[PDB]
Amino acid sequence: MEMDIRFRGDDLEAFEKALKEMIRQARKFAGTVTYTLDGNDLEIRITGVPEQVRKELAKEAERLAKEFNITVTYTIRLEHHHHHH
């Protein structure tokens with residue numbers, strides 16, 4: 001299960017601190033943190049996260065967007081499979 005956390009803000013420091021806090025905790029988990037900064041939007045794709053930690057990371061993303069008053073949009077990449085029955 002992957003997670004795309006897109007931070008969108010006004011000043012660069014908002015991206016810097018928010019991203020660095022994500023990396024800060026993410027190092028404790030076996031998940032690869034990737035990100036792309038396109039114009040004014042930082043798309044952070046964390047590859048390999050468990051649903052229990054998904055809550056903690058997603059909620060701190062909210063927390064970051066609150067203290068920085070910036071925009072945050074996170075797409076949860078669900079593990080899927082075209083079932084038979």
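Which value at 222 nm does the chain reach when only helices count, each DSSP H run of 4 or more adding -39,500 (n - 2.57), with the total divided by all residues and rounded to the nearest 500 deg cm²/dmol?
-12500 deg cm²/dmol
Rounded to the nearest 0.05, what FRET efficiency do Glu51 and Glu16 have when you use their Cβ-Cβ distance and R0 = 41 Å?
After rounding, the FRET efficiency stands at 0.90.
Counting only C-alpha contacts under 8 Å and six or more residues apart, can you give the relative contact order of the chain as a whole percent?
The normalised contact order for the chain reaches 46 percent.
To the nearest 10 degrees, how steep is helix 12-26 against the longest Cα principal axis of the chain, on a 0 to 90 scale?
40
If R0 is 30 Å, what FRET efficiency do you get for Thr36 and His82 from their C-beta distance, rounded to 0.05?
It comes to 0.55.
How much length would be gained if the chain were fully extended between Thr75 and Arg27, taking 0.36 nm per residue of separation minus their Cα-Cα distance, in nm to one decimal?
Here the answer is 15.2 nm.
To the nearest 10 degrees, how steep is helix 51-67 against the longest Cα principal axis of the chain, on a 0 to 90 scale?
Once rounded, one gets 20 degrees.
Taking just the alpha carbons, could you work out the radius of gyration and Dmax for the chain, both in angstroms?
Just the Cα atoms of the chain yield Rg and Dmax of 13.5, 50 Å.
Positions of Cβ are generated from backbone atoms using ideal geometry, with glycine treated the same way; all protein chains shown enter the neighbour counts. We did not get these values from a lab; they are worked out from the coordinates using the rules stated.
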